[PDB]
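Note sheet for the following structure.
Each chain gets a letter, A, B and so on, in the order the sequences are listed, and its residues count up from 1.
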Amino acid sequence: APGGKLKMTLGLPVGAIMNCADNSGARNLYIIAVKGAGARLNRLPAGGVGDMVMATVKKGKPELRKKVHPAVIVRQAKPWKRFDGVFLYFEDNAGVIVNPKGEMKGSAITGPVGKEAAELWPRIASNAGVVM
Amino acid sequence: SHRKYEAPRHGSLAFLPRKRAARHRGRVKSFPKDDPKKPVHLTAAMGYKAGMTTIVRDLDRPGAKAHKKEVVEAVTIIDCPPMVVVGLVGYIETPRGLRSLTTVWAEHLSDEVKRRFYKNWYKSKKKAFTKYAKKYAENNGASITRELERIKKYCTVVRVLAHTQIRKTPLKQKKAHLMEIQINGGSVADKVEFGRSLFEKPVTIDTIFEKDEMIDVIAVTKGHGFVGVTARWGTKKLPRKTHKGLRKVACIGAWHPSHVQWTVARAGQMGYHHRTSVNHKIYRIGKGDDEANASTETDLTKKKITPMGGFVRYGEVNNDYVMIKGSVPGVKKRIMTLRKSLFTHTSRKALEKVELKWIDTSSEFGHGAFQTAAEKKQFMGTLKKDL
RNA sequence: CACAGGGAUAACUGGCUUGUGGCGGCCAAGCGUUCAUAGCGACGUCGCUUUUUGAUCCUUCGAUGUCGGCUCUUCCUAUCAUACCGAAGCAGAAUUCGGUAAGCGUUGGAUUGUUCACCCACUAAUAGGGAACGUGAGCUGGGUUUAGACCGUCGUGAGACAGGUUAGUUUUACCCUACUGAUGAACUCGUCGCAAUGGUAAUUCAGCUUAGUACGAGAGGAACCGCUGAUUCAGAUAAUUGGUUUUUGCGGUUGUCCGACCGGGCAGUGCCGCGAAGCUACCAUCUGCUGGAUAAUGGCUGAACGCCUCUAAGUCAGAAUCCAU
RNA sequence: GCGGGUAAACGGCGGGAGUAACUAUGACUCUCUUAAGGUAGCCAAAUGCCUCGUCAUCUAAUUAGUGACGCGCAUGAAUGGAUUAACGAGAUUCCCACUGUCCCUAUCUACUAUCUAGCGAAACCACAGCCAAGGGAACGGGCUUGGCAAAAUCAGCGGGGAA
RNA sequence: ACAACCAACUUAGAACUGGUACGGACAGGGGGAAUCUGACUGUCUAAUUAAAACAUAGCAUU
RNA sequence: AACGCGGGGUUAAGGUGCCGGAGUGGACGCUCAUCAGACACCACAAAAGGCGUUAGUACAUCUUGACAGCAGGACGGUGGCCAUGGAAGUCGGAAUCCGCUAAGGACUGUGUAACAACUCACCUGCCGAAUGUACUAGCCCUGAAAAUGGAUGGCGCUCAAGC
RNA sequence: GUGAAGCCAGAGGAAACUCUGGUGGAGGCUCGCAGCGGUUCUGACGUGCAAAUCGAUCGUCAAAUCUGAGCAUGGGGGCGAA
Ligand SMILES: [Mg+2]
Ligand SMILES: [Mg+2]
Ligand SMILES: [Mg+2]
Ligand SMILES: [Mg+2]
Ligand SMILES: [Mg+2]
Ligand SMILES: [Mg+2]
Ligand SMILES: [Mg+2]
Ligand SMILES: [Mg+2]
Ligand SMILES: [Mg+2]
Ligand SMILES: [Mg+2]
Ligand SMILES: [Mg+2]
Ligand SMILES: [Mg+2]
Ligand SMILES: [Mg+2]
Ligand SMILES: [Mg+2]
Ligand SMILES: [Mg+2]
Ligand SMILES: [Mg+2]
Ligand SMILES: [Mg+2]
Ligand SMILES: [Mg+2]
Ligand SMILES: [Mg+2]
Ligand SMILES: [Mg+2]
Ligand SMILES: [Mg+2]
Ligand SMILES: [Mg+2]
Ligand SMILES: [Mg+2]
Ligand SMILES: [Mg+2]
Ligand SMILES: [Mg+2]
Ligand SMILES: [Mg+2]
Ligand SMILES: [Mg+2]
Ligand SMILES: [Mg+2]
Ligand SMILES: [Mg+2]
Ligand SMILES: [Mg+2]
Ligand SMILES: [Mg+2]
Ligand SMILES: [Mg+2]
Ligand SMILES: [Mg+2]
Ligand SMILES: [Mg+2]
Ligand SMILES: [Mg+2]
Ligand SMILES: [Mg+2]
Ligand SMILES: [Mg+2]
Ligand SMILES: [Mg+2]
Ligand SMILES: [Mg+2]
Ligand SMILES: [Mg+2]
Ligand SMILES: [Mg+2]
Ligand SMILES: [Mg+2]
Ligand SMILES: [Mg+2]
Ligand SMILES: [Mg+2]
Ligand SMILES: [Mg+2]
Ligand SMILES: [Mg+2]
Ligand SMILES: [Mg+2]
Ligand SMILES: [Mg+2]
Ligand SMILES: [Mg+2]
Ligand SMILES: [Mg+2]
Ligand SMILES: [Mg+2]
Ligand SMILES: [Mg+2]
Ligand SMILES: [Mg+2]
Ligand SMILES: [Mg+2]
Ligand SMILES: [Mg+2]
Ligand SMILES: [Mg+2]
Ligand SMILES: [Mg+2]
Ligand SMILES: [Mg+2]
Ligand SMILES: [Mg+2]
Ligand SMILES: [Mg+2]
Ligand SMILES: [Mg+2]
Ligand SMILES: [Mg+2]
Ligand SMILES: [Mg+2]
Ligand SMILES: [Mg+2]
Ligand SMILES: [Mg+2]
Ligand SMILES: [Mg+2]
Ligand SMILES: [Mg+2]
Ligand SMILES: [Mg+2]
Ligand SMILES: [Mg+2]
Ligand SMILES: [Mg+2]
Ligand SMILES: [Mg+2]
Ligand SMILES: [Mg+2]
Ligand SMILES: [Mg+2]
Ligand SMILES: [Mg+2]
Ligand SMILES: [Mg+2]
Ligand SMILES: [Mg+2]
Ligand SMILES: [Mg+2]
Ligand SMILES: [Mg+2]
Ligand SMILES: [Mg+2]
Ligand SMILES: [Mg+2]
Ligand SMILES: [Mg+2]
Ligand SMILES: [Mg+2]
Ligand SMILES: [Mg+2]
Ligand SMILES: [Mg+2]
Ligand SMILES: [Mg+2]
Ligand SMILES: [Mg+2]
Ligand SMILES: [Mg+2]
Ligand SMILES: [Mg+2]
Ligand SMILES: [Mg+2]
Ligand SMILES: [Mg+2]
Ligand SMILES: [Mg+2]
Ligand SMILES: [Mg+2]
Ligand SMILES: [Mg+2]
Ligand SMILES: [Mg+2]
């Protein structure tokens, strides 16, 4: 789970389907859990841009489907603000498949990537294009 | 049988008598511990909540993510015209607690503070302190000197009776607020001399507090009326198909105790509670006579703290004001009680020196996009009304 | 299906009992390379508990609403995690056992009415229970389930089944008390205070540094202090962002009516865009203290008992504990 | 009574033991009994208890669903079997769309509730109404022992009155 | 074969134009892959059951 | 202990610190519990264990002097017999006799390519009246964990107001 | 809305019967208003407006459709798409 991450508005609860921003062969990612989630009755675990989640591939390559993968949310449509006071949001929700260590399965990232993911995951920062 | 899934209780029992506050003015229930080695000083002050605004500053916090970068922070503004010290109260120790042995008043009291002693000031004879005023003339103030000497001899706690100059605020109220402010430091004789020298004299809030100081704000919170459990205690809403109401608590107690217990959430009064919020940093103490009290070293535009069009539902801050990081209990126009901190501060967040860079002065009445009227005129150009 | 009754008599709570269920102790053959007692542990034996099920029939049959789930509060400890300690077949790391300990937490889902269970996943941990098998004038009605209906087996039949399936009305509070809030007579009316008593609050994790250092042949690999964040909880607040729109504020627009235009009515807010103010969201922001006394343990001095010994007199330190602030 | 017919009359439709160049099973056989011993089909089906049967598929996870399998407690041929386009306010599973069902609640409108003028019931009621423990008909409002305990009241409320 | 006179509506094509909007209110089907079951339309427990129950045509028997 | 309505006296069971009428009555002991105990029926407790009090058995010292707290000695055949480059008491095993000393074994362990120095049993010597072992049973303690807050009846009680 | 027989015309072919525009206006067909009914909210109400109503949502809607008056069947009897 990323360390040093500041509090931000979480846009994607468990059950959300987001786009796959890398070229691993998956079309989307279906979030089943979040790594940092605590315990609270009835509260769905939720994640924001730049934290690790557990996801399954609903549409994509057959040898990527039917499994559980670690993923990192690279952009979200729910507006949130950083310490600079600017509220920002992306067009869609998207994430990338990674190892438990944080290394991407794919080799390229399509579209922009939120700054939090790039700061917290060096592999995503190296593979990313436009950041924020 | 046991509760199936564990969950913490809703709300706190530490604020349990969720009743209306007994008094509108906030109550200082504890003053900072006295230290005779320190110089004599007042420990509290009063002001009026004007509103909130936004500031930008460079954060000085090594190791933090936002270190040496701009941060946007919400701040609160308290209009603080100088208070007037009008009295002294001496307190002695007793096996039953502290008790006031005596109090001494100034020779002249203003109508602002005299209004506090009346319910029907308009139709009264306004005789509040007329007989007391004669004591300064009879026997060359022998009784006044006697009471001051009694306070010096016996009392261990000295407080000044001070009132607000509410007429300098845009408030429609004319009745001033009066309270006791403890004098800390020095001996009891020093405290008495300080309080007596301050008689019918104004004290400004920059002589009491200073920038980057952590203070406490005491006030009565915003009042809501009779409120159900869902908002009053934050309980879970019952399903949509619930008969006879879903905005409730389903079980309000088991069988065997055979009483509704004090720990069960129930509908009732919400808000208008006395609160002592602590650890608020003073970002700026601006002066009323300063025509650019909202200006900055990096923002040289001559502007005052008041937003464009005035503070919504307050007016203009024409007096000295304090800027407090974050929010404080109470609505606008409320009488705020500022108290010195009871804690010892060692964290770098508490000890940081704050240097502002920009203070928002755009309109509070909408999506204000300009900081000054001159900026508005420059951007828009000439209008039809300018002829 | 009916009636007269029965708590003389069953099904559900409670009561006695505790075989059974659960949880401990004593002994210690044996296991544990070596060694009964680090940790297990046979034969035997002493118990505790009433979250199992039996046994009984004391209360209720002129009726105490019968499962489960949801919601919510509190209590218990036989402690899953968190605090501080002691022991190891404890080099480090990770574990295991035990002590003081119930302050604080103990989750999101697939299948199933479930209880129970088992999987997926997160987590510090996903501990076990009570409160009329807590909680139906709180809900719901999925289960049990009257009357309709189908099947299988049984019956000559009407019909039966602790078998499967489908459909099947969930009433009343305005009384008393309890609780949540709100007034208030009497002691002149006010202002400023005190504080008996009652309540009480915080919680856990992560990253950086320590440090690839202590310890290790090596694989590997702590910690104290300090710094920065985050989870759960609590109390506020609305500068900003988002939601809400009868501001029916401005604009657009359908039908119809006022002869057309202008300006309007009606369609219970005609509809649409924007929309200040107010309310409000971990959907937003701010804030959450330290003193004393201790428990287990670690000690000092020091007898009993010429020696020893933290204890007997005395005394130091010390836990998420207790009492205060 | 006797003797024939009749199942689109009511209805019924069986056990045991060996057996194929390793083996498993048993085509085949040996044997006991019936009126006849379940044929064509179909199935953990609204019919199977064991059972959340076994395999495959659907999911991250499926006591659900579907497709297969069948010594089927207890399927089966007008007590109708199997299939079936179209139809169904019938029961069930999944997918897309959709959304406050939910995360997690917030806000707005009307009418109530609310306060007032007027009018104005009913249910129910041994007496009544604060608890803790004890004993007691083994769950007290009254009894015993303690805690305690201050007029008169309003809006809510659903713990108790085994209402 | 053209001109004149008379008469409603229905359809089609083009240009321009604005808020990229136009069945602008009102009015007004969600759809698909399957399983069980009854063929279908129809009928019944008025006041808890609308169903797979009843009926039906067809088939068969007496 | 059985009952008509009354007065006086005396008792029973039970009580006399206060509630509560009557004793902070008298005598001799026991018990300190960071879960004291105090309830005939009766309203909770056991096997097992612990240096407080008493008791039964046996033992040591009896001045020739106990346990605890101390210095010193283990002579001399003795390379004994088997074993060996080499282990003379201290690799391997069966066995340790004494002429001069209150006491010293072919030796209790240490050391060691063989040794030696060192150590123990024991005692002449410092001292100085009570000592060790195993048991028995009184009180107390551990064993002794449940759910609203709580009950030797309550308060409280410790040279008892407990036994 | 769909568009059954019957009918007109034109295309093929060899025949016979194929095809294509139209016409037509059948069906216990279909969407849907009134009527009739009463599925779900297990909504309102539940000392009600009401001893069965109210709202939304639903089934059917050209025929086993809905309905008036007159008449018949009368209690172990009637009547019953049960
Ligand atoms: Mg909330
Ligand atoms: Mg309901
Ligand atoms: Mg504003
Ligand atoms: Mg009985
Ligand atoms: Mg038992
Ligand atoms: Mg053991
Ligand atoms: Mg039992
Ligand atoms: Mg019974
Ligand atoms: Mg009964
Ligand atoms: Mg009864
Ligand atoms: Mg009841
Ligand atoms: Mg559930
Ligand atoms: Mg314990
Ligand atoms: Mg532990
Ligand atoms: Mg607690
Ligand atoms: Mg979790
Ligand atoms: Mg029970
Ligand atoms: Mg129950
Ligand atoms: Mg109830
Ligand atoms: Mg009910
Ligand atoms: Mg229930
Ligand atoms: Mg049901
Ligand atoms: Mg039935
Ligand atoms: Mg059945
Ligand atoms: Mg059913
Ligand atoms: Mg139904
Ligand atoms: Mg207190
Ligand atoms: Mg080393
Ligand atoms: Mg709030
Ligand atoms: Mg807005
Ligand atoms: Mg707004
Ligand atoms: Mg609107
Ligand atoms: Mg307009
Ligand atoms: Mg118009
Ligand atoms: Mg009109
Ligand atoms: Mg409308
Ligand atoms: Mg808007
Ligand atoms: Mg010592
Ligand atoms: Mg001591
Ligand atoms: Mg067969
Ligand atoms: Mg079939
Ligand atoms: Mg079968
Ligand atoms: Mg099955
Ligand atoms: Mg089938
Ligand atoms: Mg099935
Ligand atoms: Mg499902
Ligand atoms: Mg299945
Ligand atoms: Mg199947
Ligand atoms: Mg059969
Ligand atoms: Mg059959
Ligand atoms: Mg046949
Ligand atoms: Mg059959
Ligand atoms: Mg057939
Ligand atoms: Mg079909
Ligand atoms: Mg009312
Ligand atoms: Mg009235
Ligand atoms: Mg009466
Ligand atoms: Mg009681
Ligand atoms: Mg009892
Ligand atoms: Mg009782
Ligand atoms: Mg009663
Ligand atoms: Mg009493
Ligand atoms: Mg009273
Ligand atoms: Mg009510
Ligand atoms: Mg009640
Ligand atoms: Mg009653
Ligand atoms: Mg369209
Ligand atoms: Mg429709
Ligand atoms: Mg049908
Ligand atoms: Mg009929
Ligand atoms: Mg009915
Ligand atoms: Mg009936
Ligand atoms: Mg019905
Ligand atoms: Mg007499
Ligand atoms: Mg007498
Ligand atoms: Mg006595
Ligand atoms: Mg007396
Ligand atoms: Mg005495
Ligand atoms: Mg005595
Ligand atoms: Mg003691
Ligand atoms: Mg004890
Ligand atoms: Mg008794
Ligand atoms: Mg014993
Ligand atoms: Mg003893
Ligand atoms: Mg006691
Ligand atoms: Mg007594
Ligand atoms: Mg007594
Ligand atoms: Mg005695
Ligand atoms: Mg039809
Ligand atoms: Mg109708
Ligand atoms: Mg209803
Ligand atoms: Mg009602
Ligand atoms: Mg209706
Ligand atoms: Mg609606």
Residue pairs passing the side-chain hydrogen bond (donor to acceptor under 3.5 Å, both in side chains) test with at least one member in residues 294-309 of chain B, sequence neighbours excluded, are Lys303(B)-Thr361(B)
Selection residues 331-372 of chain B - residue pairs positive for ring pair (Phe, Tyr, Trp, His ring centres under 6.0 Å), sequence neighbours left out
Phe370(B)-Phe379(B)
Shortest non-hydrogen contact from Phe90(A) to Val113(A)?
CZ-C, 3.9 Å
Is the closest side-chain heavy-atom distance between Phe209(B) and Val322(B) below 4.5 Å?
no
Under the salt bridge (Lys or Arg N to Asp or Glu O under 4.0 Å) criterion, do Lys191(B) and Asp34(B) qualify, and how do the steps go?
CA-CA 11 Å; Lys191(B) 293 169 167 71; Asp34(B) 192 15; 2.9 Å; yes
I want to check something: taking the side chain as every heavy atom from C-beta on, are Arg284(B) and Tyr321(B) in contact at a cut-off of under 4.5 Å?
yes
Would you give the length of the straight line joining atom NE2 of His280(B) to atom CD1 of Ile324(B), rounded to the nearest 0.5 angstrom?
7.5 Å
Please, which pairs that meet salt bridge (charged side-chain N to carboxylate O under 4.0 Å, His left out) have at least one residue in residues 73-88 of chain A, sequence neighbours excluded?
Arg75(A)-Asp92(A), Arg82(A)-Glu116(A)
No-hydrogen, no-angle side-chain donor-acceptor test under 3.5 Å, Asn293(B) and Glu291(B)
no
I need the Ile17(A) CD1 to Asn93(A) CG distance, nearest 0.5 Å.
11.0 Å
Please give me the minimum heavy-atom distance between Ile208(B) and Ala45(B), naming the atom from each residue.
CD1-CB, 3.9 Å
Answer whether the closest heavy-atom distance between the side chains of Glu355(B) and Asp58(B) falls below 4.5 Å.
no
If you draw a 6.0 Å radius around CZ in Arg123(A), do more than 12 non-hydrogen atoms from other residues or ligands fall strictly inside?
no
CG of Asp289(B) to CG of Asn319(B), rounded to nearest 0.5 Å, is 10.5 Å
If you look at every heavy atom in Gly330(B) and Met336(B), which pair is closest and at what distance?
CA-CE, 4.0 Å
Please list, chain by chain and in numerical order, all residues satisfying salt bridge (charged side-chain N to carboxylate O under 4.0 Å, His left out) with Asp212(B), sequence neighbours excluded.
none
Answer whether the closest heavy-atom distance between the side chains of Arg167(B) and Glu112(B) falls below 4.5 Å.
yes
Between the SG atom in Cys80(B) and the CD atom in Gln165(B), the distance rounded to the nearest 0.5 Å is 12.5 Å
Extract all donor-acceptor atom pairs below 3.5 Å that involve side chains of residues 63-78 of chain B and protein atoms in other chains or at least two apart in sequence.
residue  : atom : partner   : partner atom : Å
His67(B) : ND1  : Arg61(B)  : N            : 3.0
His67(B) : ND1  : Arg61(B)  : O            : 3.3
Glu70(B) : OE2  : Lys357(B) : NZ           : 3.2
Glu73(B) : OE1  : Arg57(B)  : NE           : 2.6
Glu73(B) : OE1  : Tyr283(B) : OH           : 2.5
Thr76(B) : OG1  : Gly326(B) : O            : 2.5

Pair listing, salt bridge (charged side-chain N to carboxylate O under 4.0 Å, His left out) test, anchored in residues 340-350 of chain B, at least two apart
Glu213(B)-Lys340(B)
Starting from the C-alpha separation in whole Å, work towards a yes-or-no answer on side chain to side chain contact (heavy atoms under 4.5 Å, CB included) for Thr204(B) and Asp320(B).
CA-CA 8 Å; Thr204(B) 72; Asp320(B) 304 336; 4.2 Å; yes
CA sep, side-chain torsions, deciding dist, call: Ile282(B), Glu210(B), side chain to side chain contact (heavy atoms under 4.5 Å, CB included):
CA-CA 7 Å; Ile282(B) 295 184; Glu210(B) 66 191 355; over 6 Å; no
Can you establish whether the number of heavy atoms outside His108(B) located under 6.0 Å from its atom NE2 is more than 12?
no
For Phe31(B), what residues pass the ring-ring contact (aromatic ring centres under 6.0 Å, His included) criterion, not counting sequence neighbours?
none
Tell me the salt bridge (charged side-chain N to carboxylate O under 4.0 Å, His left out) pairs involving residues 373-387 of chain B, sequence neighbours left out?
none
I need the minimum non-hydrogen distance between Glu180(B) and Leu161(B), along with the two atoms involved.
CG-CD2, 3.7 Å
Which atom pair, heavy atoms only, marks the closest approach of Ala94(A) to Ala21(A)?
CB-CB, 4.1 Å
Run the side chain to side chain contact (heavy atoms under 4.5 Å, CB included) test on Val158(B) and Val89(B) for me, step by step, so that the C-alpha distance in whole Å, both residues' side-chain angles and the decisive distance to 0.1 Å come before the verdict.
CA-CA 6 Å; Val158(B) 185; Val89(B) 187; over 6 Å; no
With a 4.5 Å heavy-atom cut-off, do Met83(B) and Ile181(B) have their side chains touching?
yes
With sequence neighbours left out, which residue pairs that include part of residues 361-371 of chain B fulfil the salt bridge (charged side-chain N to carboxylate O under 4.0 Å, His left out) condition?
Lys332(B)-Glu364(B)
What are the two closest non-hydrogen atoms of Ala108(A) and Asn127(A), and how far apart are they?
N-OD1, 4.3 Å
Approximate separation, where rounding is to 0.5 Å, of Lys175(B) NZ and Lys114(B) NZ
15.0 Å
Check ring-ring contact (aromatic ring centres under 6.0 Å, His included) between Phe117(B) and all other residues, then give those that pass, not counting sequence neighbours.
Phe129(B)
With heavy-atom distances below 4.5 Å as the criterion, would you say the side chains of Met308(B) and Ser362(B) are in contact?
no
Would you say the side chain of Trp80(A) lies within less than 4.5 Å of the side chain of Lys7(A), judging by non-hydrogen atoms?
no
Show me the pairs that pass side-chain hydrogen bond (donor to acceptor under 3.5 Å, both in side chains) and involve residues 214-237 of chain B, at least two apart or across chains.
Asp216(B)-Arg339(B)
Among all residues two or more places apart in sequence or in another chain, which pass the ring-ring contact (aromatic ring centres under 6.0 Å, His included) test with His177(B)?
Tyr48(B)
Side chain proximity check, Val217(B) to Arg275(B), heavy atoms < 4.5 angstrom:
no
Measuring from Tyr118(B):OH to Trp121(B):CH2, what's the distance to the nearest 0.5 Å?
6.5 Å
